[PDB]
Amino acid sequence: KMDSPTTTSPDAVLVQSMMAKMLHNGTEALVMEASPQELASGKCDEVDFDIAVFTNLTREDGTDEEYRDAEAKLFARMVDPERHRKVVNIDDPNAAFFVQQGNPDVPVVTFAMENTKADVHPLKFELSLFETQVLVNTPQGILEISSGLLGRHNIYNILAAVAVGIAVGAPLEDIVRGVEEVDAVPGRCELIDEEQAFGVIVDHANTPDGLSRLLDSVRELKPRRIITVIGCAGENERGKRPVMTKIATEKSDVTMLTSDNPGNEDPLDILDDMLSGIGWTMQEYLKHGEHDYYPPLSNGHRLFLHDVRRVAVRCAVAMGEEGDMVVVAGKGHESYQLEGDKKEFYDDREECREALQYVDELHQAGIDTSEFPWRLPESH
Amino acid sequence: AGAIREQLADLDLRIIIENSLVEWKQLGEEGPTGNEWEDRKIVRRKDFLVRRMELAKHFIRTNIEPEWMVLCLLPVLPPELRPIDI
Amino acid sequence: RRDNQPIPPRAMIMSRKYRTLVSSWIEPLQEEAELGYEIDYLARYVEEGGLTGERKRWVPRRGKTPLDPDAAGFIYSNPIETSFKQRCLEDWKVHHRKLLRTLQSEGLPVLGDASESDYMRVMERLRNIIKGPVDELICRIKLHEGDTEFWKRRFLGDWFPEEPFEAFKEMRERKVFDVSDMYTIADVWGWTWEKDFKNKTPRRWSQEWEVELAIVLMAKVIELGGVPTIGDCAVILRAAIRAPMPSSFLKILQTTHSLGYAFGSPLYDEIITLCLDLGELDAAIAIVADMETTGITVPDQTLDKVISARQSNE
């Protein structure tokens, strides 16, 4: 790895600097997320792109058609019609618009779940809480994959990956090794599985659209229950806090409100804004805490909040039975918990990793970690 | 004493008045019990509740925090007043 | 209203669950109403400066500042929340509790013409009326609380006499106490109205009575500039549903619609059914008549059956 300043889009002159550095060490292939603002701002001006891949356009991230042609500048870079290649996703209606951009004579490899006319299409796919198995019909031949990426929202990526291999003419066997090798992208629906009966998902979703898209993207995995750990940043985008709770409490059976990045704001105050989405208040929640019984919601779902982040993600892990699913959100790969002004080192992957390690010892000690009011052997 | 100090800080003095009053009202609702010992204890509890709410009513009308009954700093007498027992 | 003094915003303090004083006393206490449409908590968060400005957060914080905004400036706290039904019970309990004490003090002479056995009969009912989940002789038990003249008559009729009545005689001749010193605040200040406010049997709480008071002051709050919320109209309407009382449905809705409030369609389905479930099609036509004039779309489920019920009587 390395630690160049990851402050939005780096300076255009600075961007090309490490491209010399990687080439100085002898790097052969280069790949990077073609951020819509990055190429629009002109950061990638002298970058000699070779393979263009268009995942999908939803515009949920401004303009409507100008945003479309803003992404088209990536394919407008494509002047060479015989050497470099294009990759598009037919399922997106804008693919026809994108393929017209640049030189029309460039070879194009087409992938999609539907439109069986595509070069690569899934003949048969299965969704499981721990892996996804898909049979894809490449032009060269039928290929079978089974990776740790969960949900159909990443089948696009899997279909794109094999399609890119066809574009560069990669052998079918070698494509299997590359796809199979990747099993956990940090913070992007990452599955952390310490050989337990229910998977743990770490995701970077913090927006109402991202969380809602994620939660219904895990219901298709056919889980027994969904457990969510969601937080919000302090003193920033405070208008989304009630929305997150409303979405989580509906999609998920059990929700775990927590402090994501309290900053200078009080962690309990942030949770109070969250409870406003369901009409609850922090005072009302603590009153139920006195009675050691948190009532279920109107739909029958559970809402368990705890301000302390470390004791919350670990607690949610112990709350999962066989077939359930626990998803954490708001952090992803960011390994820091912003409390006040200090950025305390906090990584959710380590939390879920350790919680799964010692959850069995908690159960073997007679601790009933099914609902939030844990029933110890000496209780009541 | 840390348990006591935090418990004193956590006290909802408004709530203490409310639930003590209704509990005190409830005790007198039954009235006599026919047993001297039981009537002896019902008087003690009622006077305890009255003393409790009276203590609470004084705290919120003044600037005295109940946490101060559990001190974390100990004042020291000036040396002149304790020449060379205490 | 007599002094044309508008209701201050402090009086119309917006409590949690969005129920002002116009409906805060109804039986569901601190409970949300039953609007047909689902609540819009996101809008409530937006309107309470929740985006960037500030929000009144209900986090209980350590200290002696009362969290409840209604407790601001009382001195100790707000009076403990009690419903109108609960308040009626306490008055009902305390009035009979006073009757028992007066009955216990004399027993036979207060009854006068009753027998000793009847004295126990008028006690068990009084005992049962209190803490409870016939010749009704209790009507002659007259309480004289605040009646200064009554107590003066009973006062009139080295060591003070053992007999309390004779002791009263000793005080008057010894100038310790006399009727001239026997007075209260009411009579010296000419509180004539105070006489007819204490020695009366309280009316037991009735649901039909509660909504009558609910609609009476809701109009009065309107006349004084107060604006009851949408939740307030729903709660008083629901109280008008628990007891049937179909007559008050029309006057509730027109006042509700006068403020621009529009109930949800499923609630409108529920109310129209109740207005002909028990066979009260009279006044069950005006409910759907004026609501169309105000601009509320009646669901076809009710429209088809109310028209079908219209031709049923024909």
# chains A, B, ... in the order shown; residues from 1 in each chain; ligands from 1
$ residues_around --residues "range 73-76 of chain C" --least-positions-apart "3" --cutoff "8 Å" --atoms "only C-alpha atoms" --output "count of residues only"
4
$ interface_residues --of "chain C" --to "chain B" --cutoff "10 Å" --atoms "only C-alpha atoms" --output "mmCIF file with C-alpha atoms, in the first residue's frame"
data_model
loop_
_atom_site.group_PDB
_atom_site.id
_atom_site.type_symbol
_atom_site.label_atom_id
_atom_site.label_comp_id
_atom_site.auth_asym_id
_atom_site.auth_seq_id
_atom_site.Cartn_x
_atom_site.Cartn_y
_atom_site.Cartn_z
ATOM 1 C CA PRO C 60 -32.265 13.740 29.971
ATOM 2 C CA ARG C 61 -29.185 15.635 31.114
ATOM 3 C CA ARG C 62 -27.732 15.726 34.608
ATOM 4 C CA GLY C 63 -28.642 18.893 36.477
ATOM 5 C CA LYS C 64 -31.562 20.687 38.070
ATOM 6 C CA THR C 65 -32.929 22.236 34.862
ATOM 7 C CA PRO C 66 -36.300 20.623 33.998
ATOM 8 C CA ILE C 75 -40.925 26.565 40.544
ATOM 9 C CA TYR C 76 -40.825 22.828 41.293
ATOM 10 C CA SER C 77 -42.397 21.149 38.239
ATOM 11 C CA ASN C 78 -45.641 20.871 36.338
ATOM 12 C CA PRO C 79 -48.620 19.404 38.184
ATOM 13 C CA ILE C 80 -48.662 15.636 37.788
ATOM 14 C CA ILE C 130 -64.360 4.613 47.791
ATOM 15 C CA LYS C 131 -61.604 2.348 46.379
#
$ residues_around --residues "residue 95 in chain C" --least-positions-apart "5" --cutoff "10 Å" --atoms "only C-alpha atoms" --output "NGL selection string"
:C and (89-90 or 100 or 130 or 143 or 198-202)
$ residues_around --residues "range 213-221 of chain A" --least-positions-apart "4" --cutoff "7 Å" --atoms "only C-alpha atoms" --output "ChimeraX atom specification"
/A:127-129,151,209,251
$ interface_residues --of "chain A" --to "chain C" --cutoff "8 Å" --atoms "only C-alpha atoms" --output "ChimeraX atom specification"
/A:237-239,242-243,268-269,272-273,276-279,281-283
$ write_last_selection --atoms "N, CA, C and O atoms" --output "mmCIF file, in the first residue's frame"
data_model
loop_
_atom_site.group_PDB
_atom_site.id
_atom_site.type_symbol
_atom_site.label_atom_id
_atom_site.label_comp_id
_atom_site.auth_asym_id
_atom_site.auth_seq_id
_atom_site.Cartn_x
_atom_site.Cartn_y
_atom_site.Cartn_z
ATOM 1 N N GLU A 237 -24.719 17.449 8.032
ATOM 2 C CA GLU A 237 -25.885 16.831 7.388
ATOM 3 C C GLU A 237 -26.882 16.307 8.418
ATOM 4 O O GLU A 237 -27.322 15.156 8.380
ATOM 5 N N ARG A 238 -27.251 17.185 9.351
ATOM 6 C CA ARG A 238 -28.169 16.805 10.415
ATOM 7 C C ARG A 238 -29.591 16.595 9.918
ATOM 8 O O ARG A 238 -30.428 16.102 10.682
ATOM 9 N N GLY A 239 -29.885 16.948 8.672
ATOM 10 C CA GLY A 239 -31.209 16.761 8.119
ATOM 11 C C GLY A 239 -31.519 15.364 7.642
ATOM 12 O O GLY A 239 -32.627 15.113 7.162
ATOM 13 N N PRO A 242 -33.226 11.619 11.054
ATOM 14 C CA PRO A 242 -34.499 10.889 11.158
ATOM 15 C C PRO A 242 -34.753 9.954 9.992
ATOM 16 O O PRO A 242 -35.408 8.921 10.170
ATOM 17 N N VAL A 243 -34.259 10.291 8.800
ATOM 18 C CA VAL A 243 -34.498 9.453 7.630
ATOM 19 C C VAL A 243 -33.822 8.099 7.789
ATOM 20 O O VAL A 243 -34.394 7.059 7.443
ATOM 21 N N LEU A 268 -25.415 11.497 22.513
ATOM 22 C CA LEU A 268 -26.815 11.229 22.816
ATOM 23 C C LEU A 268 -27.744 12.152 22.040
ATOM 24 O O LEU A 268 -28.847 11.744 21.661
ATOM 25 N N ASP A 269 -27.319 13.394 21.798
ATOM 26 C CA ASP A 269 -28.137 14.313 21.014
ATOM 27 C C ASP A 269 -28.336 13.798 19.597
ATOM 28 O O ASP A 269 -29.434 13.897 19.039
ATOM 29 N N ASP A 272 -30.851 11.217 19.662
ATOM 30 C CA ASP A 272 -32.179 11.789 19.858
ATOM 31 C C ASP A 272 -32.778 12.242 18.535
ATOM 32 O O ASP A 272 -33.979 12.073 18.298
ATOM 33 N N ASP A 273 -31.956 12.825 17.659
ATOM 34 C CA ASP A 273 -32.436 13.171 16.327
ATOM 35 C C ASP A 273 -32.838 11.926 15.554
ATOM 36 O O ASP A 273 -33.804 11.950 14.784
ATOM 37 N N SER A 276 -36.269 10.738 16.544
ATOM 38 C CA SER A 276 -37.345 11.569 16.024
ATOM 39 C C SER A 276 -37.959 10.983 14.762
ATOM 40 O O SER A 276 -39.121 11.272 14.459
ATOM 41 N N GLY A 277 -37.207 10.167 14.023
ATOM 42 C CA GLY A 277 -37.760 9.536 12.839
ATOM 43 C C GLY A 277 -38.887 8.574 13.150
ATOM 44 O O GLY A 277 -39.824 8.435 12.361
ATOM 45 N N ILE A 278 -38.816 7.896 14.297
ATOM 46 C CA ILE A 278 -39.856 6.964 14.709
ATOM 47 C C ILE A 278 -40.797 7.571 15.736
ATOM 48 O O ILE A 278 -41.726 6.894 16.193
ATOM 49 N N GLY A 279 -40.590 8.829 16.108
ATOM 50 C CA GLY A 279 -41.390 9.451 17.135
ATOM 51 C C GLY A 279 -40.924 9.185 18.546
ATOM 52 O O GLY A 279 -41.518 9.724 19.488
ATOM 53 N N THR A 281 -38.133 9.288 21.776
ATOM 54 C CA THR A 281 -37.198 10.240 22.347
ATOM 55 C C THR A 281 -36.217 9.485 23.228
ATOM 56 O O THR A 281 -36.511 8.394 23.721
ATOM 57 N N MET A 282 -35.037 10.077 23.416
ATOM 58 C CA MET A 282 -34.036 9.447 24.269
ATOM 59 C C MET A 282 -34.574 9.238 25.676
ATOM 60 O O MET A 282 -34.320 8.200 26.298
ATOM 61 N N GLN A 283 -35.333 10.208 26.191
ATOM 62 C CA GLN A 283 -35.926 10.060 27.515
ATOM 63 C C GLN A 283 -36.874 8.869 27.560
ATOM 64 O O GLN A 283 -36.840 8.071 28.502
#
$ residues_around --residues "residue 226 in chain A" --least-positions-apart "4" --cutoff "12 Å" --atoms "only C-alpha atoms" --output "ChimeraX atom specification"
/A:129,198-201,214-222,248-256,301-302,316-317,319-328
$ decode --residues "range 348-375 of chain A" --atoms "N, CA, C and O atoms" --output "PDB file, in the first residue's frame"
ATOM      1  N   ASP A 348     -14.075  -1.105  12.305  1.00  0.00           N
ATOM      2  CA  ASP A 348     -15.201  -2.011  12.505  1.00  0.00           C
ATOM      3  C   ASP A 348     -14.827  -3.449  12.174  1.00  0.00           C
ATOM      4  O   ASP A 348     -15.385  -4.389  12.752  1.00  0.00           O
ATOM      5  N   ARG A 349     -13.896  -3.643  11.238  1.00  0.00           N
ATOM      6  CA  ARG A 349     -13.491  -4.998  10.877  1.00  0.00           C
ATOM      7  C   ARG A 349     -12.884  -5.726  12.067  1.00  0.00           C
ATOM      8  O   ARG A 349     -13.180  -6.903  12.301  1.00  0.00           O
ATOM      9  N   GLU A 350     -12.033  -5.042  12.834  1.00  0.00           N
ATOM     10  CA  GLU A 350     -11.467  -5.653  14.031  1.00  0.00           C
ATOM     11  C   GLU A 350     -12.545  -5.933  15.069  1.00  0.00           C
ATOM     12  O   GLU A 350     -12.498  -6.955  15.763  1.00  0.00           O
ATOM     13  N   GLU A 351     -13.523  -5.033  15.193  1.00  0.00           N
ATOM     14  CA  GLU A 351     -14.589  -5.228  16.169  1.00  0.00           C
ATOM     15  C   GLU A 351     -15.388  -6.487  15.866  1.00  0.00           C
ATOM     16  O   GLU A 351     -15.593  -7.334  16.743  1.00  0.00           O
ATOM     17  N   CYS A 352     -15.843  -6.632  14.621  1.00  0.00           N
ATOM     18  CA  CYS A 352     -16.601  -7.821  14.252  1.00  0.00           C
ATOM     19  C   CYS A 352     -15.728  -9.068  14.307  1.00  0.00           C
ATOM     20  O   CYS A 352     -16.205 -10.153  14.657  1.00  0.00           O
ATOM     21  N   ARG A 353     -14.447  -8.931  13.958  1.00  0.00           N
ATOM     22  CA  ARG A 353     -13.537 -10.069  14.016  1.00  0.00           C
ATOM     23  C   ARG A 353     -13.392 -10.579  15.442  1.00  0.00           C
ATOM     24  O   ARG A 353     -13.441 -11.790  15.691  1.00  0.00           O
ATOM     25  N   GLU A 354     -13.218  -9.666  16.396  1.00  0.00           N
ATOM     26  CA  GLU A 354     -13.035 -10.069  17.785  1.00  0.00           C
ATOM     27  C   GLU A 354     -14.350 -10.485  18.428  1.00  0.00           C
ATOM     28  O   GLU A 354     -14.374 -11.403  19.254  1.00  0.00           O
ATOM     29  N   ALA A 355     -15.452  -9.826  18.067  1.00  0.00           N
ATOM     30  CA  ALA A 355     -16.742 -10.182  18.646  1.00  0.00           C
ATOM     31  C   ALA A 355     -17.128 -11.611  18.290  1.00  0.00           C
ATOM     32  O   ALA A 355     -17.619 -12.359  19.143  1.00  0.00           O
ATOM     33  N   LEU A 356     -16.911 -12.009  17.036  1.00  0.00           N
ATOM     34  CA  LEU A 356     -17.169 -13.391  16.646  1.00  0.00           C
ATOM     35  C   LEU A 356     -16.246 -14.357  17.371  1.00  0.00           C
ATOM     36  O   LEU A 356     -16.609 -15.516  17.594  1.00  0.00           O
ATOM     37  N   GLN A 357     -15.046 -13.903  17.736  1.00  0.00           N
ATOM     38  CA  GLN A 357     -14.093 -14.783  18.400  1.00  0.00           C
ATOM     39  C   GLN A 357     -14.555 -15.153  19.804  1.00  0.00           C
ATOM     40  O   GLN A 357     -14.413 -16.306  20.224  1.00  0.00           O
ATOM     41  N   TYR A 358     -15.113 -14.194  20.543  1.00  0.00           N
ATOM     42  CA  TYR A 358     -15.456 -14.396  21.945  1.00  0.00           C
ATOM     43  C   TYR A 358     -16.955 -14.492  22.191  1.00  0.00           C
ATOM     44  O   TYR A 358     -17.377 -14.534  23.351  1.00  0.00           O
ATOM     45  N   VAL A 359     -17.775 -14.525  21.138  1.00  0.00           N
ATOM     46  CA  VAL A 359     -19.218 -14.617  21.341  1.00  0.00           C
ATOM     47  C   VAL A 359     -19.588 -15.968  21.944  1.00  0.00           C
ATOM     48  O   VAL A 359     -20.503 -16.064  22.769  1.00  0.00           O
ATOM     49  N   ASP A 360     -18.879 -17.028  21.550  1.00  0.00           N
ATOM     50  CA  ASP A 360     -19.178 -18.355  22.079  1.00  0.00           C
ATOM     51  C   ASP A 360     -18.923 -18.422  23.578  1.00  0.00           C
ATOM     52  O   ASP A 360     -19.687 -19.054  24.317  1.00  0.00           O
ATOM     53  N   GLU A 361     -17.850 -17.780  24.047  1.00  0.00           N
ATOM     54  CA  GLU A 361     -17.564 -17.769  25.477  1.00  0.00           C
ATOM     55  C   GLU A 361     -18.670 -17.069  26.252  1.00  0.00           C
ATOM     56  O   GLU A 361     -18.979 -17.446  27.387  1.00  0.00           O
ATOM     57  N   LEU A 362     -19.269 -16.036  25.659  1.00  0.00           N
ATOM     58  CA  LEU A 362     -20.377 -15.357  26.319  1.00  0.00           C
ATOM     59  C   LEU A 362     -21.573 -16.288  26.474  1.00  0.00           C
ATOM     60  O   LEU A 362     -22.212 -16.318  27.532  1.00  0.00           O
ATOM     61  N   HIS A 363     -21.886 -17.062  25.435  1.00  0.00           N
ATOM     62  CA  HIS A 363     -23.013 -17.984  25.521  1.00  0.00           C
ATOM     63  C   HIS A 363     -22.712 -19.148  26.456  1.00  0.00           C
ATOM     64  O   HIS A 363     -23.598 -19.613  27.182  1.00  0.00           O
ATOM     65  N   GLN A 364     -21.467 -19.633  26.456  1.00  0.00           N
ATOM     66  CA  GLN A 364     -21.107 -20.728  27.348  1.00  0.00           C
ATOM     67  C   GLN A 364     -21.104 -20.298  28.808  1.00  0.00           C
ATOM     68  O   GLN A 364     -21.094 -21.158  29.694  1.00  0.00           O
ATOM     69  N   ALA A 365     -21.113 -18.995  29.073  1.00  0.00           N
ATOM     70  CA  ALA A 365     -21.191 -18.467  30.427  1.00  0.00           C
ATOM     71  C   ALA A 365     -22.625 -18.215  30.872  1.00  0.00           C
ATOM     72  O   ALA A 365     -22.836 -17.672  31.961  1.00  0.00           O
ATOM     73  N   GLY A 366     -23.608 -18.590  30.060  1.00  0.00           N
ATOM     74  CA  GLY A 366     -24.999 -18.407  30.410  1.00  0.00           C
ATOM     75  C   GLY A 366     -25.577 -17.050  30.083  1.00  0.00           C
ATOM     76  O   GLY A 366     -26.693 -16.752  30.525  1.00  0.00           O
ATOM     77  N   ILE A 367     -24.864 -16.222  29.329  1.00  0.00           N
ATOM     78  CA  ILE A 367     -25.359 -14.898  28.975  1.00  0.00           C
ATOM     79  C   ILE A 367     -26.318 -15.026  27.800  1.00  0.00           C
ATOM     80  O   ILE A 367     -25.969 -15.590  26.757  1.00  0.00           O
ATOM     81  N   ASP A 368     -27.531 -14.503  27.966  1.00  0.00           N
ATOM     82  CA  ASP A 368     -28.557 -14.573  26.925  1.00  0.00           C
ATOM     83  C   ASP A 368     -28.506 -13.286  26.115  1.00  0.00           C
ATOM     84  O   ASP A 368     -29.140 -12.287  26.452  1.00  0.00           O
ATOM     85  N   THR A 369     -27.744 -13.314  25.027  1.00  0.00           N
ATOM     86  CA  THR A 369     -27.604 -12.153  24.150  1.00  0.00           C
ATOM     87  C   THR A 369     -28.534 -12.274  22.943  1.00  0.00           C
ATOM     88  O   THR A 369     -28.105 -12.324  21.791  1.00  0.00           O
ATOM     89  N   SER A 370     -29.833 -12.318  23.228  1.00  0.00           N
ATOM     90  CA  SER A 370     -30.858 -12.352  22.193  1.00  0.00           C
ATOM     91  C   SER A 370     -31.519 -10.993  22.004  1.00  0.00           C
ATOM     92  O   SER A 370     -31.689 -10.535  20.872  1.00  0.00           O
ATOM     93  N   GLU A 371     -31.906 -10.351  23.096  1.00  0.00           N
ATOM     94  CA  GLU A 371     -32.377  -8.976  23.084  1.00  0.00           C
ATOM     95  C   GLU A 371     -31.368  -8.090  23.803  1.00  0.00           C
ATOM     96  O   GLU A 371     -30.403  -8.568  24.402  1.00  0.00           O
ATOM     97  N   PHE A 372     -31.591  -6.780  23.722  1.00  0.00           N
ATOM     98  CA  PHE A 372     -30.642  -5.845  24.324  1.00  0.00           C
ATOM     99  C   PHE A 372     -30.505  -6.019  25.830  1.00  0.00           C
ATOM    100  O   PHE A 372     -29.365  -6.021  26.324  1.00  0.00           O
ATOM    101  N   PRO A 373     -31.582  -6.167  26.616  1.00  0.00           N
ATOM    102  CA  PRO A 373     -31.386  -6.412  28.050  1.00  0.00           C
ATOM    103  C   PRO A 373     -30.885  -7.821  28.310  1.00  0.00           C
ATOM    104  O   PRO A 373     -31.677  -8.737  28.553  1.00  0.00           O
ATOM    105  N   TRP A 374     -29.567  -8.004  28.226  1.00  0.00           N
ATOM    106  CA  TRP A 374     -28.958  -9.309  28.445  1.00  0.00           C
ATOM    107  C   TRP A 374     -29.358  -9.875  29.799  1.00  0.00           C
ATOM    108  O   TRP A 374     -29.338  -9.171  30.811  1.00  0.00           O
ATOM    109  N   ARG A 375     -29.713 -11.154  29.812  1.00  0.00           N
ATOM    110  CA  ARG A 375     -30.097 -11.848  31.038  1.00  0.00           C
ATOM    111  C   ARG A 375     -28.912 -12.686  31.500  1.00  0.00           C
ATOM    112  O   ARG A 375     -28.670 -13.781  30.985  1.00  0.00           O
TER     113      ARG A 375
END
